[PDB]
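Given as structure tokens, the chain that follows is alone and in the form deposited in one PDB entry.
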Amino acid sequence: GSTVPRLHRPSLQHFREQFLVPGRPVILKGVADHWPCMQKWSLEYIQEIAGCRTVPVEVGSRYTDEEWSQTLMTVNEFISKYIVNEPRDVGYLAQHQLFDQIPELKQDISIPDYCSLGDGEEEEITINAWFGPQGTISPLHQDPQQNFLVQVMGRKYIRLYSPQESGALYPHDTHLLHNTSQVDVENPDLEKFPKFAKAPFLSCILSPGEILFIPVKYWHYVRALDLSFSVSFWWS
């Protein structure tokens, strides 16, 4: 593959014509790099502002695992058990609308201006938190809206496959998981999934301050390389 291109504060028009309309990924630089979250969100700050609130936590290496489960605990409990104290299992505070739950945190982020190029209402943009230790993995899957994934703490390795390559990604046949690949991107079973090997892709390491544009229906796979906090904006 090649690396996702990085662009510094492209104009709305450039973003619209070269990335949004054709559905091409890009990393936006110089857009979120000075949001307050970038300097402010330490573990300690997260504990102070959110520690006592209940959050959903995914436990297990990948959501496609058979032993994978979902539970509830306080943010303080999550940090203690799954981040700081030699964790026994992988825990991920994933896909959670933390900013609706805790409006004060919402002050530390913004809606990217590029979202106004969409046809949807700003109020209907879904903002999710993704907070977890090094080693969290989100299996290869596609989503039904455009996405800006903003990296705040730590880095993520991300692999992207175009919707045109769906055949080689062997989606699950169950209507429920049909937007998830059967393939483990970083250790694929080529005896069972031979078409996967030659499928072209883009990749990147997404670092703090950077925004990855994931076009609607683009397949994406994500592994945290460090203690990580990302904020996703699902928009149309």
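Residue indices: 1-based, along the sequence shown. For the two forms, the rigid core is made up of the largest set of C-alpha atoms that agree within 1.5 Å on superposition.
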| item | value |
| --- | --- |
| Gap at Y63 across at least one third of the other PDB entries | yes |
| Higher-scoring stretch by recorded Cα B factor average, 172 to 180 or 28 to 36 | 172 to 180 |
| Residue stretch of maximal mean CA temperature factor, 156 to 164 vs 84 to 92 | 84 to 92 |
| Third of chain Cα B-factors occupied by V57 | lowest |
| Chain-relative CA temperature factor third for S203 | lowest |
| Among modelled residues of the same chain, the CA temperature factor third for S228 | lowest |
| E67, C-alpha B-factor rank within chain (lowest, middle or highest third) | highest |
| Cα B factor band for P112 (lowest, middle or highest third within the chain) | highest |
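The same protein also has a form deposited in another entry, omitted here; what follows describes it.
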property: Comparing forms between the shown form and the other one after core superposition, the one residue of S207, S203, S42, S61 displaced by 2 Å or more at CA; result: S61
property: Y63 and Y82, C-alpha gap in the other form relative to this structure (3 Å or more); result: farther
property: Distance direction in the other form for the C-alpha atoms of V84 and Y63, relative to the displayed form (3 angstroms or more); result: farther
